[PDB]
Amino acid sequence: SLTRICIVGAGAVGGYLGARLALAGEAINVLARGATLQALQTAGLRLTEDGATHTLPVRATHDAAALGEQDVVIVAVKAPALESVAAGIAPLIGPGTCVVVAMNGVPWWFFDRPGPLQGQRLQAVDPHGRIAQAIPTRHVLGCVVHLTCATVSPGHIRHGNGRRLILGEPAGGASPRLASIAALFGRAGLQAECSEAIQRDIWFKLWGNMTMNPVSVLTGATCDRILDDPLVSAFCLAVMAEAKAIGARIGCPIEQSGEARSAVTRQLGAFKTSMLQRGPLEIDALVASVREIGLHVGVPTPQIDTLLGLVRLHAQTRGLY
């Protein structure tokens, strides 16, 4: 059964998934460091949702060995932190362990499915191959998160909006464990949907968010101000066209036009991105990876190149890259 459940860290997404499970009455473990660890051991995991706060007793430790093999490990960390996250969750992973990977951008394991560039190691997310060897792909279940939340203080999560999650097998198609993981998340109030090719849900979410994140940090504008200004709008559509060209060649053709997707994003309101709202920015996973895939797949990327250079220097000036 899916009995031993561990969250790596108590970040926005991971901590939210963990709090929902704890609310459903699961025993949940957290692998945590620093001030997050102390807050979790003393107060519990804290969730504010619908104007109500819950304190959820968890088993929080830095010692993965003490925890041992788990049934479900939830990994929702930023890409630069991963390299130092895998080797850490080595004791949590045994033969039967499902690793639910809920990460932004292109995940390290993305290409482990039949089709174009199968098994291609991406230098932007796992250059020395340390993550794929610490977390073998047969363990992983992919997760695209379509809800929002944030970290208030260490070990305290504030739910933004939504309950939507897409789960899928890296190899593709249905499986017994995909149905059991979805049902588990379903019991925890998550509207967990099952994909037949999760790579296509990864690329779709990426395609409509790929320009919007770095554009919002370079400028500081809200998402409505970006799409109103017709010249930055035309830069977005250009970057999206490069992303769509890369996508259609790697097994993820996109049906929606860039202009129609931009209409959905501006109707969300005048709210910031996850890149805007310290900590190293996820530029590598979100931007550098797509440029890298373009270089492999033959599609030129001068619009993405400009976007990458400008946002890495903006973040290099600060302590964000």
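Residues carry their position along the shown sequence, with the first being 1.
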Which class fits the unmodelled deposited stretch between residue 277 and residue 278: none, 1 to 3, 4 to 9, or 10 or more?
-> 4 to 9
Can you tell me which stretch has the higher mean Cα B-factor, 249 to 257 or 282 to 290?
-> 249 to 257
Out of 145 to 153 and 114 to 122, which stretch has the higher average CA B-factor listed in the record?
-> 114 to 122
Among 13, 304, 299, 19 - the residue whose C-alpha B-factor is largest in the record = 299
Out of 92, 223, 182, 100, which shows the largest CA B-factor listed in the entry?
-> 223
In terms of the CA temperature factor given in the entry, to which third of its chain does residue 54 belong: lowest, middle or highest?
-> lowest
Of the three thirds of the chain ranked by Cα temperature factor, residue 86 occupies the highest
Assigned third (lowest, middle, highest) for the C-alpha B factor of residue 29 | lowest
Residue 35 - Cα temperature factor, lowest/middle/highest third of chain | middle
On the chain's distribution of Cα B-factors, residue 130 falls within the third called highest
